[PDB]
Amino acid sequence: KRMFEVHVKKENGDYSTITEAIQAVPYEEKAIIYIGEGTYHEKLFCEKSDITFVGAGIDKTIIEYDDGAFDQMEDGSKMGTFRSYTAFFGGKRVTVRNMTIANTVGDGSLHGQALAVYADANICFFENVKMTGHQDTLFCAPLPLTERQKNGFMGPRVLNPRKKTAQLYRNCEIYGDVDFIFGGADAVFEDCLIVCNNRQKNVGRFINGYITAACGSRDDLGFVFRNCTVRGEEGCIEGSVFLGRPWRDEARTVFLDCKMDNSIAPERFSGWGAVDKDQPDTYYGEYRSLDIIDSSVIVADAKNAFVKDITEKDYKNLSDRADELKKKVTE
């Protein structure tokens, strides 16, 4: 079996840091980095043709860093969203399994956006990975076409083309509050636990968060959640957590056969900048959402009018498309 292998351990490894292991890997070589138990306080930048990272399991291998968008850089500039990442995964194919990746800086009101993971590779596959943060925990590239704020995309891909990506998340746990899964990827989340933090404790109607903030094209797949558990953290007030708001106007995000509780807002999805702002070019929706406790069917007839009614035909389409992205990624 030919594969370039590197073993990271706190003691007796090839290296004691992940960064040094990444350096070791030649871009063009199919590689795997095994990472032993421990907490690795590092900011990772990985760009490779075909690499796999395998930790010792969720909360056994932990990659953590604490950069926030509001931080000041040496040159005087604000770090910004897209430089806050604990880990950047770019290149052609990346696989990550059996670890926690955390941005520990804190709530966005004091520290700004703070990515745990910047997922930029053409094809990304996360399995049994836990990702924690507050604002903007997980970015699934690509960026929108153009910025609305000066230097809004400052980061490693600001100059680059907006490459479409295909991402698969299986058995992951993802924690955050405001826009904590966002970007323009075609991304399927399967059998994931997705939890909005109780922002109200970390700081009219109080809004704890927006699970998604997609910005893809109306002709692409966008975010598909299937058989996931989606909810606020224990303590979140009723109806204070949205399934999404559209970061750009053709946002696509669907939840198929998911379990949810009553922390989820009655409107289900928000407009951008105000709850009841119309977003007629989004494809936002739920199909067969079940209550988490008793598996009884959820009915929301107070959803925003722009939220779609997923017919059985729409559902088979979304399922087939999610299925073909899964094949592309795992094939």
# chains A, B, ... in the order shown; residues from 1 in each chain; ligands from 1

$ residues_around --residues "residue A:172" --least-positions-apart "5" --cutoff "9 Å" --atoms "only C-alpha atoms" --output "number ranges by chain"
A: 126-131, 189-194

$ closest_atom_pairs --of "stretch 139-205 of chain A" --to "stretch 84-100 of chain A" --cutoff "12 Å" --atoms "only C-alpha atoms" --output "CSV"
residue,atom,partner,partner_atom,distance
A:139,CA,A:85,CA,9.0
A:140,CA,A:89,CA,10.2
A:141,CA,A:90,CA,9.7
A:142,CA,A:90,CA,11.2
A:153,CA,A:84,CA,11.3
A:154,CA,A:84,CA,10.2
A:155,CA,A:84,CA,8.6
A:156,CA,A:88,CA,9.1
A:157,CA,A:90,CA,9.9
A:163,CA,A:91,CA,10.8
A:164,CA,A:92,CA,11.4
A:165,CA,A:92,CA,9.4
A:166,CA,A:93,CA,9.8
A:167,CA,A:94,CA,9.6
A:168,CA,A:95,CA,9.6
A:169,CA,A:96,CA,9.6
A:170,CA,A:97,CA,9.6
A:171,CA,A:97,CA,9.8
A:172,CA,A:98,CA,9.1
A:173,CA,A:100,CA,8.9
A:174,CA,A:100,CA,9.7
A:175,CA,A:100,CA,11.0

$ closest_residue --among "A:248, A:83, A:313, A:218" --to "residue A:69" --atoms "only C-alpha atoms"
A:83

$ select_by_dssp --residues "stretch 86-323 of chain A" --states "alpha helix (DSSP H)" --output "ChimeraX atom specification"
/A:108-111,312-323

$ residues_around --residues "stretch 105-107 of chain A" --least-positions-apart "4" --cutoff "12 Å" --atoms "only C-alpha atoms" --output "ChimeraX atom specification"
/A:64-71,84-86,111-116,132-137,176-178,180,197-203,208-209
